[PDB]
Every structure is written in structure tokens, then in C-alpha cells.
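A.B. asks: My structure is below; once you've seen it, I'll send some questions.
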There are 4 protein chains.
Amino acid sequence: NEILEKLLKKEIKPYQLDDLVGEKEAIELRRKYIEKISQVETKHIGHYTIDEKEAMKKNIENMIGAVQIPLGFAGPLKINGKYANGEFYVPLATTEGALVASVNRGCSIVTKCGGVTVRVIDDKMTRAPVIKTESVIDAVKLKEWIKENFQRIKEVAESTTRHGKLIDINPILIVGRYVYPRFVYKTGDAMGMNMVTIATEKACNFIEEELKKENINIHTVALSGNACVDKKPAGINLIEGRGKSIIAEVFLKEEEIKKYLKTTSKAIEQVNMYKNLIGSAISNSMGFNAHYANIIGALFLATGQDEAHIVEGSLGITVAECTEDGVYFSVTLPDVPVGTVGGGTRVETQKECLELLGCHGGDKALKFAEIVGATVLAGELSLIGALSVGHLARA
Amino acid sequence: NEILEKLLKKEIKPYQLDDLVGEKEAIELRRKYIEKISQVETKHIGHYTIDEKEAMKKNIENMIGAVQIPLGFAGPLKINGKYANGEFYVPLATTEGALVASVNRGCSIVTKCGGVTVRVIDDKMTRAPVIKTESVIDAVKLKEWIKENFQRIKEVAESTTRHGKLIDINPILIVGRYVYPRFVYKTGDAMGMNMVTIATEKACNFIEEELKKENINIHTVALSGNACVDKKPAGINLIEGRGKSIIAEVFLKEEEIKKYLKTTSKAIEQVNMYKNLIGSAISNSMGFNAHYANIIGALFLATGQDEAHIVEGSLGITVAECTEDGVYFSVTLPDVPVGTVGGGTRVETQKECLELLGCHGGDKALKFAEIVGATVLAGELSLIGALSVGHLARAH
Amino acid sequence: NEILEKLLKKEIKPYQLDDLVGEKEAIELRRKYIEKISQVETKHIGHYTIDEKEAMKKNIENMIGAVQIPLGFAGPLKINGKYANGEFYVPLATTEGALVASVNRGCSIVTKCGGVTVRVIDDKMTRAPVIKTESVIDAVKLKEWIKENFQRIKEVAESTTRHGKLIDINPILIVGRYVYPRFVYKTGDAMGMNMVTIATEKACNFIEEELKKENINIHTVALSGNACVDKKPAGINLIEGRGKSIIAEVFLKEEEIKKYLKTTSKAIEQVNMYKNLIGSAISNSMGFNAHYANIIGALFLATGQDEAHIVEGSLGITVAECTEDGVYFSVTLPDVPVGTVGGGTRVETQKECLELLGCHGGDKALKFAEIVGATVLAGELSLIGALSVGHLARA
Amino acid sequence: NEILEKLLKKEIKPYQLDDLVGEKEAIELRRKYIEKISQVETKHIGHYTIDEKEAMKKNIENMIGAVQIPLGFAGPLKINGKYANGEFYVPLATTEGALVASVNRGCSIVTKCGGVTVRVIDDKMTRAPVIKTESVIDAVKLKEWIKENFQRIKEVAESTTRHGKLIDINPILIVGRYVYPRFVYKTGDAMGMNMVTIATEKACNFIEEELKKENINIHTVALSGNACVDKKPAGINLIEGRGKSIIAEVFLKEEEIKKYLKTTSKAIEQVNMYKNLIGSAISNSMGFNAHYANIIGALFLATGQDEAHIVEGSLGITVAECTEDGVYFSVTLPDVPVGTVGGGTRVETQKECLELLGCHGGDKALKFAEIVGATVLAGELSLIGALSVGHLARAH
Ligand SMILES: [Cl-]
Ligand SMILES: [Cl-]
Ligand code: NA
Ligand code: NA
């Protein structure tokens, strides 16, 4: 209590508290400190089961408790992938009512029609520093030096990690006398944020020194020059991709569309065109889709992905096309940063959710990516199919 | 146990369980079922203190338990707003290490430099159906009729809601023979997703019948025509706004920048230009900022906003400018859908987090928006200031 | 010749030359001055017929001659518009081979199938200053003051012209403490650039003074704050429109598609979807079309529109849809700044081209807009139809 | 005269005339025809000095005469480039009054402050077909085969041209089962439109046949899949570049800014930020500049570039920054398709304008690009400086 009063008088700050007291009671002191300031008592945030010692060290600061997100599932979901095969029951954490049911309805239709074909198109994590040079003349020299000494930069970056591998520096953007080199890494099963920052920092320190020997002065202004692009919607991510780039598709027969979706293939194609394609074009949107962010969001929260990367997962294009025997229906997500180790996957509830998919640990990120894509297709098909019903009726 | 076997044999579906057995036990049964399919045991997801019966009816389906997100706070954060005044301790739920510490550092620097000036610029929620007409001739007629009969459409829309007010139908986009009317509503303290869908649907039925009397056949293809725009990044939202449009500002003197941020106003201006402005411009990004999505995400999860709306909050522009007396630093977030009742705010842990802000219930959505903007500035200032420190050092 | 030597020694500059000598010989002196510097003789740029006295005063500075652009035509083009009715032969000036022939082929198909239905959706010209305020608090006051005193601002702006009319100030954008008010004008038949700058300048001087009386200090940084948006591709123009917003459409029967286009309606829809819709989405394009800029460009050069406004005319969306009896095919151009008086319409060759359309002078801009839209449809249909042939064959 | 009547009766079409009569008289005949349909007489369009026979074969169809665009110049313009060195007088064809005067003012200010530093950053032309495959499985196979067999595709592509070199196929975009390979060519001094279409078509025929041997069926839907991107504004062009990518720079001392621009370096930086950067950001524009399209347009018309490529040249970013010794000012144009042979450069008046620059013919496209960038900077500097003058005055 004397500590609590020193917190109120601000002789001691909440951040330094963990060294004066145990970490378990550190959470209670912080929880009661902010309760007294706000004049409100809490019952729920203080009741959790995750490991507070490890959470403080890797996942959060100034911990006062935990929030609880309702967890449901959608399934069964038959997937025909390179890494995911069989039927999956997918966990989904959300506070939006009807979202899990919409995906679950999509999973059932897809599974009864043979499952989703899905493939990972690309797999990379990127970091794009901004480097200042004295003039455009140096910016050109800097760019051409990078491209011709890539193997040297690759050894320097890779000496910082047992798990990362630098595969490219492309594109290299120049605006005036500023250079934005997009370092491209393989990250194994980690999402790779921390690894690509450390590998790129050493790479940039090395470039700066090597160029200084050639009488060219540069310096990195910031390791993230907003050309990565990280946690913002960007054309560079839509085009070049980031994280996992995933495509999932199904072919449905006309009789399956009538039986399970209660509609027709031309209606589905019309809805997709008027809404997902034309509607996104005229409002200058980067999401030519209906529901990716919602499905990405629910699956990311359950499995401990970075919540801000829902921004990146909202990019993409749904294609629905009439075929002779029914529809072709596909989702394309060029920008899905996921991982099955590190980050939030270590928090206990999220670990269990990955275990229910068989996707926690090493050699599982590509499997998890394929599940992500199949789940998005299932849910995008459910939503687009339900809209085509109302479309048919009203017409 | 007999039922567990009937689930494995697929005699009964998981969705039908809540009525045969208690909803409390429905959750445990379908968790045993997912455990037996994946052949793995769980220990943590089964712990939940939240009310499962109402969560099943309003927030989730096929519930098996709960995910737990670590919850911290950042503060103190002094805010000079129209609705938020005083020092706030902002709760933040995240799994990303160091994020809360970065915002917590920003809150303290700003607080002892006088607090954050914040204003809500706009407050509205939108729904934009796709309407098919026979031809551009009818599409033009439709647009003009909407503009002419707006008051009547307004009364039909408002008859479905006690809090919703239809204030505009603008812009009204036409592509070929397709019409995308952007209905603009006031929603009170709700985020407004469900209110604007019910109000817009009856309005569209009324437009369709009134036009049929003039022998003009239209029909709504979908109540969401992707011109809203909802849960996607779009120029219409960046320009016209959606949800709350928030702006936060601070003026810092050169002596405060040196003492608290360990840098100068020139370096902060330089970082912001090269990274937030030029960097976003050349990569064709709509987020001319460093950290909005990260901060929005942590606050949205803690307070029960919709997770997919982090997409909308990642839009915006950070401005940092050298002034005679220091630096001017501001964030602009034109597209922040928040609510203090309904949706996920009902979930107990998230409700308590709104209570810690004094932002649960009616007449508090604008207070909450001002807190959101002040927190984003605090963290955006922390990050940019930390980058300008490295910037100066490497220059020397 | 003594003047020529003073030009070489730079005692006198080319700009001040018109007061020392006649304007006719001013052009010859400038032409020979730059010839001597470059050590090349010219024969063509010096042979023209346009009025040099008026061109110097309204269209060009430092004139040395004229460039000649080949002029052809496309037709007949039957148009079913509110202002354009009947068959038109459209002049087109270009240096690209096959462009006029592609449009001419489209005009013939369309005319044999009943002509193009076209309508002007909107008609406005805009100017968006950037105004600096001391703080966001003032920026809000500034915005709310503008909206509540619009009638006062409208009288002030309109006192500068007999032809402009201020119809709106919307949207009003605020970034931090900077305010971007989009002034919206009717301009009659002029494109309106010069009128909206003069009307807006007086409007801003008045706002600045009125706000100063209320103890709020603002000042306009620039009358064009890049939110207009003028001569750049922008979502605000795509969504809110600028200049003329035009939509043209045709319905074609299946037998007409086979007979005149040598293809089918599903092929046309497939080409449009894969190329104009999906291809533009994945490359993050604002032109969901094939050929607008080319057709806009050829028609603008012939009739004296501002060449940089081809940027704005490249925006838009082509929709091609299977119907029970054939196709629906439409073009949407939300951003087409044109005029039938002022600007370049006064240069003699361009005046004649507008006369061939019956579109020079007052009360003709909307007629000309409808012709622009019908011409773009004709050419977009020709190009998309020719691609669907190769598509059918290769499949 | 008898033929004139057969045109009015539609017995013969205008296109068939060039073979029955001389092409010189074909032009006069079909002008009489358009005159008689519109019931109006023309006097000016019938004057042309250009070679009509070759223009009819390479530049135009259904020719009736010529349009005349007023031609001026701006100079002197001192350029410090890799390929352009010395003082240039830049010809500019326009109907917009005051534009040439604005650039002419910029050229003189820069010239006596030391000239424009300019560099060509990149030089390539692109064509991106749409290829349909049966499924994403085959689309992945197709992408990997292209990457694996690039050298063979390169030899097939280069067999169609003496100047074209295929240097890359990147990026290779996949949407569903559709594949958009961006072929990247060197084109010498041509703009490359026609060369990259012929080379890419044979390359695609070769890919299609080689995949058929492995029992994988693909087919090119169109040689231009709108991912090129050609004559539209697109992020892929802003990011990866197309045509010439040009950057021009000047450093100006505070004393030169005061004396020649009548302003200060702070005001220039402020205008550029509020207008070119923030203004373009909030309106979702891809042109973070004031005047590129205007200057590009006048130069493109004078020198015979494609008018529709003004769309591509309007992209880019202007940077103005306070330096210890004055201001740094630069323009970046990542997407400028130019050529010095072929296309419209052949037209006589435009050829003479290239000659006035010493840029007609082979080994001069890079010189011409450097001149383009220096002219855009000169005019962009003139405009922004003129806006900063008004800025300072109204502030006082
Ligand atoms: Cl060099
Ligand atoms: Cl106030
Ligand atoms: Na409740
Ligand atoms: Na020739």
C-alpha cells in the first residue's frame, strides 16, 4: 500500500515496478492503481490463465490483466492444398455476431462440393529503409552498388540469424536524393518482423561503410521508410506481395449452386461484378472483395497473429466466373503476414488454437497459410452467395 | 457422452446443441468434439468469465471458449478536447511486445508539455447499395428522384430507428446503368453497422416502389455495394470520411524536444517527410503515417470495437512542421468507426476497459473518439521521435 | 540584324521583343535566333495560317511558328443524346497510326445497331485552395463558417463574372490545421479554368477578412491546393467528378455481335473482365478501361481542349455484360474538362473542327460532351471487340 | 465531282478513296465531303506542309488536313546531365496562355544559378498480357516455367527485332487462374510500343506451345492485359517505372531565392508540403506535383510523342527541402515514355523541334529524357516559387 501511495504521488512509476515487487503482484498493483484513478472496480480483466511472466517479457508492457474474445469454430472444411489436406475445423475469435455462422455455412457447402484448391503463390517478408544521399548522382551510385554487391550484403544480413535468408533487394526506389531499397527475406515459419529489422540494420551499416570507402556519404534515416509496406494498405503490397500470397479456388456445378447456395451461377457472377469489382473501382478501393478483413481478422485473433496486419489481409480480388458447368470462384490475397512461431503465437490460448489446426511450431506456416486462404474462400462464397439470393428475388 | 459419439458419427450437428443441452454445456461438449477430431487436448481456451449465453446470441456462434489477449495501459495522457478533458490512462490489449511501452512513453512526454489538442471533425456512418436500372437514362432519373424526394426517404429511414438520423445521400455514383447511393447517417453512440443496414433497406424498398409508379423498374442488388466503404481501404473514405474523423495536435518547444525526445524539430520534420509522406507516396500507400493501425488495433481490441475496422483506421496523414518556437505535430484519421454501446462493447472484459476510460454507454462515443486520436498522436510522436534520434546520430 | 546580334549578346531578351518590332516579324526574329543557336534551318514550323496576333495574346508566348498534327475523321456516328441527335462525323487529330481507323470501325458498327445512348451525369469545374490556420480549433471554425455563410461567399465569387455560378463548397477537407475547400462552379460553355480562379480568389480574400473580424487569423497559401484536382489522376475526381461526367451505352443483339464484330457477347464480357476490370485492379490502376486516353487525346487536340486534361479523361470504367439478347456495353468518364469557347477553341484550325460538329460557341458544351462520350464508346467497343476475336480464336 | 456525289449517296466509302485517286486529292475530296455533311466551310485545316502520303501510311487515317498548334520556346536552359550538357532552348507547343512564360521564367532562374542536375534512373518499356489457365495449379506452373525458361523466351522475343532486348519478366501477377506477366524490354531510342507488342506475341505463342507439350493448356486472352500499364495512371508504373524514369535537381542559395524568386526557402518548402504532398495525399492523387502534365504535354506535342502518354508523365513527386545553405528542389517522374525515332517523331514539324534540341535520331532518347526532366523542374520551380510569393505576402 505504501508503494501504491508512491504511485499516486508519482515518486515511482508503473514501469519500474517489476524490480521492486514480484511480477504477479506487479499486475495487481497496476490494476488497483488505475482502478483508484478511474474510481471503478473490475472483476474480469484480472481473471486469466496465460503466463504473466513470459507475456511481460515478449508480448505486453504494464500488464493489468487480459481481455477475453469469444472463440468459436467453422467446419468441416475440406482443403486440397500442397501442405493442407483433409478436413479442418477452423477456430475463429470475434465479437461480431453472424460472422462465424457465415463462414461455417461456406465451409459446409465447399466440403460437400469437393473442398477448396489452394496454393501459396509467394512467401516473403520485407523491410524498406529510407536512405539519404547528398544528391541524385550518389543515389544512382548507391542503387547500382547495392545491386552489384548483393552477395556481400546477403552474407552480412544472414550473419545475424539462424533462420532468415535474404533473397532480393527489389525494387529500389529513388525519390530525388532518397533511396528506398526493399529488402526481401525468407523467414521460415516466423512472421519475421524482428528478424528482418536486425538483418537489415546490419546490412545498412555495412552499405554505409562500404560506400564511405568509395568517397560516397550516405546514412539511413530509418529502417522502415514506409515502402515495406507494413500495417498500411499499399499498391506495392498488392502488386509485389508481402507475407504469404495465397490463392484459393473452387469449381461448383450448377446443380450444387441451386442445391446448397439456393441461387444460380450468373447471379453470383453479377453480384461479384457489380459489388466486388465495379463498386470497389468507383470508390477507389484496394479491396476488390466483400469479406476478407472480417475472416482474416477472426482467424488472426484466434491464432495470435499481429492484429494490425489485418490491414494487409484486407487487400485482394474475388473473381467469380460463369463456366459451362457452373462457376469458377476464387479469392486472391497477395499480402497475408502470418507465422506459426514467435509473436503472439506463444500466448497460451492462441497456441492451442494453432494446435487444433496442427499448425503450431516449425514447418507449418505454409500449411497455415493454405488454411487461411481456404477459410477466406469459404466465407467470401457464403456472403456472395447469400447476396445473390436477394438479388434473384428482388429481380 | 452418448451425444459426443453422435457428433462424431455426424448424427447431430454442433449448431443444434444449444437447445438440447444447456448453452454452458454446449460449449464444453463442442470443445470435446474439436479436441477429439484434432486429437489434441486444450487447457486454456476453456477458461472464460464472460457471459456465454448472451455472447452466443450477439457476438459468436459455435462457441468453444475464449482467447485471452494481454492487457496493459499507457499513461498518464492529458487531453485537451471538446469532450475528453483531464488525464487518462488508456488500456491497450496486444500481443506485440514494446508497443504499449512506445505509447506509454509518448503519453508522458505530451502530458508534461501540456496535453493533446484533439477535435472530432465529423461523425457519420454510411451504407451504399448497388441498384441496377435498365439504362443510364433511368439511372439519371433515379439519381434526380433521390435528390428531389430526400425528405420522404429520410422519414422512411428514421421510422426503423430511435437513434439513427439520415442526414444525406451523397455522393450518388453512377457506372453505366448501376447506381451507388451513399446514405449518410447519424448513429448516436453506436458504431451503426446494423442500424444503417435496416434503415437503408427500407429506404431502398420505398424508392423502388415509388419509381415503379412512374414505370421505372429498379432493384437493389445488394445493400452493401462496396462503395460504403466498409472494412476495406478506399479513397472515398479517405476523402469524404466515415465513422469518426479525428484530428489531434501538439505544439512542442525546442527545449522540450531536446529534453524529452532527445532530438530536434528539424530531424522530426525530416523523418516525417522522408518516411510518412514521400515513402508512402512512392509506394502508393494510403497510410501517410507510421503507427496508426498498431495503436488503433490495441485500443480496438481492448474496448471491443470491430477488429476488421483497423483497416479503416490505418488511413490518414501525419504532419510535422518546423515552427519558430519548436515543432507542430498532428495526426489526421478521417475513417475511425467506433461505438460505446452494442457490438463487441457488450463483452464484459471490453466493457470494463471502456469503464476505465469513463466511455461506456450513451453520450460517450465522441469522448472515446477524442481519446483514440490523442492516443494515436502520443504513439505516433513516440515512434517518429525515436526514429529522429537514430537519424541524427548516423548523420554524425 | 542588329537586333539579332543584341539577342545573341543578350542585351535584349526574346520576351521584350514584341514592343520593339511588329509581332509578325517578332516570330521570324525568334525563329531565326533559336535557329542560329542550334545551327539548324527549319522549313515547316514557319508555314502556318493561324492568327499570330491573337495567338500571342491568349494561347502562347515566345512564338516561333506552329506544329501541324494530322487531322482525320471517324463516322458516321449515330448518337441518341439529350443534346446530340443524328449522325456525326467526328474529327480526330493524332500521330498514332490505326487509332482513327479503330474508332471509325466502332462508329460504323454502332450506327448500324441504332447509335449510342449518352447522357451528361454532372457538369462542374472546381478549385480547391489550401488555407493555413493557426490550429485545428480554427480549422473547424473556418469550415463551419464557410458552410453557414455560403450565400455570402456565392455573391462575392459571382460578382467577378457574368458567366460563372458557385453551386457548392464540398467536400471541405482538413489535414491538421490546413483546410482544402473544394469550390464547385457552373461555367456555362467555357472549361472555366480562368473564371474559377478569379471567382475563388475574391471568395478567399472575403473569407479571410470576415474571419479576421471574428478574431480568427487564416490565410490562403495557394488557390490550387492540389485538391481540385487539376491535370493529375485523383480519386476525388473519379468519385466526385470534375468537368463533364459522361456515360454512354449500347445494347447489341447476339446476331449483330457475330455479324459486325465477328465475335460473341461472352467473349467481350470475358475480355473486359480479365483486362479492364481485374487487370486494372491488380496493377492498382485508376483507369478500368482500354482506350479512353487515346480517344480523348485525339478529340481534344482537334478541338483545342487543354492537352493536360487528357490525364483526367483517362479515368473511368468500361462495363460489358451479357444480356438475354446480346450485350450491354457502356463507358463511364467521370472527369472530362471540355469547353466550346475560350482556351484553345479560338485557334483557327481547332475552331473549324468544332464547327464540323456544330459545337463551337455558346450553348454547345453539353452537346460536345455527349459527342465525346459516344466517340469513346465507339472506340472502346472497337478495341475490346477486336481483342475478343483473338481471344475466341486462341481458345 | 461525280465521285463527291457517290460519297454522298454512300456508293463508295471515304476509306477506299486513296487508291482510286491520288492521296493528295483523296484528302481534299473527303474534306469536301465532311464540309457538305456539316454544311460548313473550312479554310485553315486544308493548309498542311507535312508529307501526306507517309502520314497516311504511318500516322493517321481518313486524313482531311492538319491542326496547327502554336509553337514557342523556353530558354536558355542549362542542363548538367549525363547525356545533355550546355544551354538548350526547349520548344513547347500549346494553346494554354502563360504556360510557356512560366517555364521560360524557370529556365532563366535555374540557368544563372548553375543549371539542372538530371539523371535517367531507368529505361524500359513493358507489355503485360492476360493469360488464362485452367486453375491456380496451372497458373503456378506457368509462372515457374517462365522463371525457369527465361533465356529461351528471351531468344524468341529478340528474333523479332534488331533493337529490342528482353531484360526481364517481372513482376508476374496471378489472380485466380489468370496470369499477367510483365515483359520488360530495352527499346533503344524508340518508345517501343510496336516492338514490344510483336516481340511479346511471339514469346507468348512459344510459351503456349512449350506448355502444351507438358499437357498444360493456356492461351493469351490479350497482349495488353492492363497491367503494363499503358496510357492509364497506375501504381505499378509509379513503383516499378515505365518508359524513362527521370530525376532532376537544383540547389539554390538563400540569396538566389530572394533575388530571382522573390521569396524564401521556408515558403517554398511550405508550399510544396501543403500543396504537392499533403494536398495530393488527402485527395488520393498519384501526382504529388503541380505542373508535370502541363509541361510534359507542351513538349510531347512539339516533339511528336504520343499525346495519351501525358497520362503517364503526370505521375511523380516534387521535393523541396530547407538546407543549411538554401533549398534543395527536385522532381521525380518514374513513368515518361519517349522516343526519338518512329511514332509521331516522323511528322515534319515535330522532327524539326527535335532537331532544335539536337535529339532527332538514334542515340538520343536518353538526351531527350534528360531535357524533359530539366524542363519539368524549371517549370515546376517557376510555379512553386510564384505560389510561395503570394504565400508570404498574405501571411503579412
Ligand atoms: Cl555519373
Ligand atoms: Cl471549440
Ligand atoms: Na449485456
Ligand atoms: Na520519314
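Residues in the C-alpha cells are numbered from 1 in each chain, the chains being A, B, ... in the order shown, and ligands are numbered from 1 in the order shown.
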Could you give me, as a PyMOL selection string, every polymer residue with an atom at most 10 Å away from an atom of ligand 4, counting only C-alpha atoms and all ligand atoms?
C.D. replies: chain D and resi 51+54-55+58+341-342+345-348+351
A.B. asks: Pull C-alpha atoms from the residues just selected and write them as a tab-separated table (two decimals), in the first residue's frame.
C.D. replies:
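New file again.tsv:
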```
chain	number	residue	atom	x	y	z
D	51	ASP	CA	4.15	14.75	-96.16
D	54	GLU	CA	3.65	8.77	-95.47
D	55	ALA	CA	1.44	10.36	-92.82
D	58	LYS	CA	2.03	5.60	-90.51
D	341	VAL	CA	12.57	7.79	-83.88
D	342	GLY	CA	9.30	6.28	-85.07
D	345	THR	CA	8.60	11.95	-84.32
D	346	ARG	CA	8.40	11.32	-88.08
D	347	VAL	CA	5.95	14.19	-88.67
D	348	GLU	CA	7.91	17.03	-90.18
D	351	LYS	CA	11.02	16.39	-86.30
```
A.B. asks: Please identify all protein, DNA and RNA residues within 9 Å of ligand 1, counting only C-alpha atoms and all ligand atoms, and report them as a list in words.
C.D. replies: residues 137, 138, 140 and 141 of chain A; 81, 82 and 119 of chain D
A.B. asks: I need the residues in segment 217-315 of chain A that are alpha helix (DSSP H) according to DSSP; give them as a VMD selection string.
C.D. replies: chain A and resid 235 to 240 254 to 256 265 to 271 280 to 282 292 to 303 310 to 313
A.B. asks: Given the selection you just returned, output its residues as a file containing C-alpha atoms, formatted as a PDB file, in the first residue's frame.
C.D. replies:
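Written file, selection20.pdb:
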```
ATOM      1  CA  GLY A 235      -0.159  -0.765 -54.017  1.00  0.00           C
ATOM      2  CA  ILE A 236       3.383  -2.100 -53.592  1.00  0.00           C
ATOM      3  CA  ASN A 237       1.984  -4.851 -51.338  1.00  0.00           C
ATOM      4  CA  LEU A 238      -0.934  -5.510 -53.702  1.00  0.00           C
ATOM      5  CA  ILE A 239       1.449  -5.904 -56.680  1.00  0.00           C
ATOM      6  CA  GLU A 240       4.740  -7.279 -55.324  1.00  0.00           C
ATOM      7  CA  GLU A 254     -24.947 -25.545 -61.486  1.00  0.00           C
ATOM      8  CA  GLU A 255     -26.937 -28.162 -59.563  1.00  0.00           C
ATOM      9  CA  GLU A 256     -24.710 -27.691 -56.491  1.00  0.00           C
ATOM     10  CA  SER A 265     -24.045 -19.018 -61.259  1.00  0.00           C
ATOM     11  CA  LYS A 266     -24.977 -15.914 -63.291  1.00  0.00           C
ATOM     12  CA  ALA A 267     -26.376 -14.230 -60.164  1.00  0.00           C
ATOM     13  CA  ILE A 268     -23.128 -14.901 -58.249  1.00  0.00           C
ATOM     14  CA  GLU A 269     -21.106 -13.506 -61.148  1.00  0.00           C
ATOM     15  CA  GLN A 270     -23.391 -10.454 -61.359  1.00  0.00           C
ATOM     16  CA  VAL A 271     -23.138  -9.714 -57.623  1.00  0.00           C
ATOM     17  CA  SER A 280     -14.547  -1.046 -55.496  1.00  0.00           C
ATOM     18  CA  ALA A 281     -13.321   0.626 -58.705  1.00  0.00           C
ATOM     19  CA  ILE A 282     -15.626   3.654 -58.478  1.00  0.00           C
ATOM     20  CA  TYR A 292     -11.521 -10.747 -46.355  1.00  0.00           C
ATOM     21  CA  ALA A 293     -10.773  -8.411 -43.439  1.00  0.00           C
ATOM     22  CA  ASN A 294     -13.551  -9.949 -41.347  1.00  0.00           C
ATOM     23  CA  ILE A 295     -12.365 -13.512 -41.916  1.00  0.00           C
ATOM     24  CA  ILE A 296      -8.663 -12.619 -41.697  1.00  0.00           C
ATOM     25  CA  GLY A 297      -9.459 -10.726 -38.514  1.00  0.00           C
ATOM     26  CA  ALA A 298     -11.262 -13.585 -36.784  1.00  0.00           C
ATOM     27  CA  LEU A 299      -8.616 -16.124 -37.681  1.00  0.00           C
ATOM     28  CA  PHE A 300      -5.716 -13.804 -36.752  1.00  0.00           C
ATOM     29  CA  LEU A 301      -7.095 -13.076 -33.272  1.00  0.00           C
ATOM     30  CA  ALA A 302      -7.562 -16.768 -32.530  1.00  0.00           C
ATOM     31  CA  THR A 303      -4.029 -17.794 -33.583  1.00  0.00           C
ATOM     32  CA  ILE A 310      -5.492  -7.331 -40.809  1.00  0.00           C
ATOM     33  CA  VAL A 311      -4.848  -4.130 -42.788  1.00  0.00           C
ATOM     34  CA  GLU A 312      -2.691  -6.067 -45.214  1.00  0.00           C
ATOM     35  CA  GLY A 313      -5.071  -9.037 -45.400  1.00  0.00           C
TER      36      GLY A 313
END
```
A.B. asks: Identify, on the basis of only C-alpha atoms, every residue whose closest approach to residue 137 of chain B does not exceed 9 Å; exclude the query and any residue fewer than 3 positions from it along the same chain; express the result as a ChimeraX atom specification.
C.D. replies: /B:133-134,140-142,177 /C:117-119
A.B. asks: Residues of chain D within 6 Å of chain A, counting only C-alpha atoms, what are they? List them as number ranges by chain.
C.D. replies: D: 175-176, 235, 330, 332
A.B. asks: Can you work out which one of A:326, A:388, A:274, A:361 has the shortest atom-to-atom distance to chain C, counting only C-alpha atoms?
C.D. replies: A:274
A.B. asks: Got a sec: who's within 10 Å of segment 322-324 of chain D, counting only C-alpha atoms, leaving out chain neighbours fewer than 4 positions off, as an MDAnalysis selection string?
C.D. replies: (chainID B and resid 266 270) or (chainID D and resid 251:254 264:270 328:329)
A.B. asks: Produce a table with one row for each residue of chain D that has an atom at most 9 Å from any atom of chain B, each row naming the nearest atom pair and its distance in Å at one decimal; use only C-alpha atoms; arrange rows by chain and rising residue number; format as a tab-separated table.
C.D. replies:
```
residue	atom	partner	partner_atom	distance
D:235	CA	B:284	CA	5.9
D:236	CA	B:284	CA	8.8
D:238	CA	B:282	CA	6.7
D:239	CA	B:283	CA	6.0
D:270	CA	B:321	CA	8.7
D:273	CA	B:273	CA	8.7
D:277	CA	B:277	CA	6.8
D:278	CA	B:317	CA	7.7
D:281	CA	B:281	CA	7.5
D:282	CA	B:239	CA	6.3
D:283	CA	B:239	CA	6.0
D:284	CA	B:235	CA	5.9
D:286	CA	B:284	CA	7.5
D:288	CA	B:281	CA	7.6
D:316	CA	B:282	CA	8.0
D:317	CA	B:281	CA	7.7
D:319	CA	B:278	CA	8.4
D:321	CA	B:270	CA	8.7
```
A.B. asks: From the options A:202, A:182, A:262, A:112, which residue's atoms come nearest to residue 152 of chain A, counting only C-alpha atoms?
C.D. replies: A:202
